[PDB]
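Next come structure tokens for two forms of one protein chain, structure 1 first, structure 2 second.
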Structure 1
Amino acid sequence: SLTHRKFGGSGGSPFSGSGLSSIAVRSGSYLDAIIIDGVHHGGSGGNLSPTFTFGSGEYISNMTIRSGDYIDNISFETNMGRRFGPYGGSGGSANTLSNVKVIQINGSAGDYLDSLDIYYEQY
């Protein structure tokens, strides 16, 4: 009983994330890129965060995304209580996925990370 939900603007070219084994971001005041299993989606500006590597049986359970035209900020927490972020700036509007199991992260990107389309189960 999966759902997909989009965050962010209408720009960029679509991508599918290659798995959810690791995540990093390149960020400044925007999310310049999300890095999924070492592959970036977005541009080259901003600073490279350390990589969050998921443990066995670990998945994103809560996520807060700030966005406007672009993804502005990402933070998440896993089912095991580990946290990533926040990374990015304070613009846009905040939306949260709570008590979920994220299965796949897709989106659209150009010079920035325009949008995310998150596939998840809802509890």
Structure 2
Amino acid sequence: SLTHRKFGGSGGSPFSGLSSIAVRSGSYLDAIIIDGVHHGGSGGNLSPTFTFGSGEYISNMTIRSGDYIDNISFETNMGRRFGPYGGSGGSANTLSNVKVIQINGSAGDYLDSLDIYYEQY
């Protein structure tokens, strides 16, 4: 059921809960690091951390996936790019004209899966 509700008044400036992202990656995604928390194994190489600016969100996103997440890249509403990181296995899926709200998933020694919650425009 993805829904939302707003509480409170009109002032202040917006913020998002999803503030930064890095991955460890080789032939697949070994890990995803979200707001500085690590999920997945120790294999592969650690990427730079992408930290969202104020009012910046993921608008375009590409994931390769089979049994695991094989690869990820994304772009933001401000033309900033992350990746691609990972291998060529899996099949490509793309999200276009979106605003990503949250990234959940499941992870063992590898990044098994990703659940992306988002708005579709």
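Numbering for residues begins at 1 and runs along the sequence of structure 1. Residues that one form lacks are left out of the comparison. Take the two forms, superpose them, and find the largest set of C-alpha atoms that agree within 1.5 Å; that set is the rigid core.
Colleague: Classify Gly110 as shifted (yes) or not shifted (no) between structure 1 and structure 2, where shifted means its C-alpha moves by 2 Å or more with the rigid core superposed.
Modeller: No; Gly110 is a residue whose C-alpha shifts by less than 2 Å between structure 1 and structure 2 when the cores are overlaid.
Colleague: Is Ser21 among the residues whose Cα moves by 2 Å or more between structure 1 and structure 2 after superposition of the rigid core?
Modeller: No, its C-alpha moves less than 2 Å.
Colleague: Could you tell me the distance the CA of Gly38 travels between structure 1 and structure 2 after a rigid core superposition, in angstrom?
Modeller: The alpha-carbon displacement, core-superposed, is 1.1 Å.
Colleague: With both forms put on the same core, how far apart in Å are the CA positions of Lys6 between structure 1 and structure 2?
Modeller: Value for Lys6 between structure 1 and structure 2: 25.6 Å of C-alpha shift.
Colleague: Can you list the runs, three or more residues long, in which each C-alpha shifts by 2 Å or more between structure 1 and structure 2 once everything is superposed on the core?
Modeller: Core-superposed, the single displaced stretch is 1-15.
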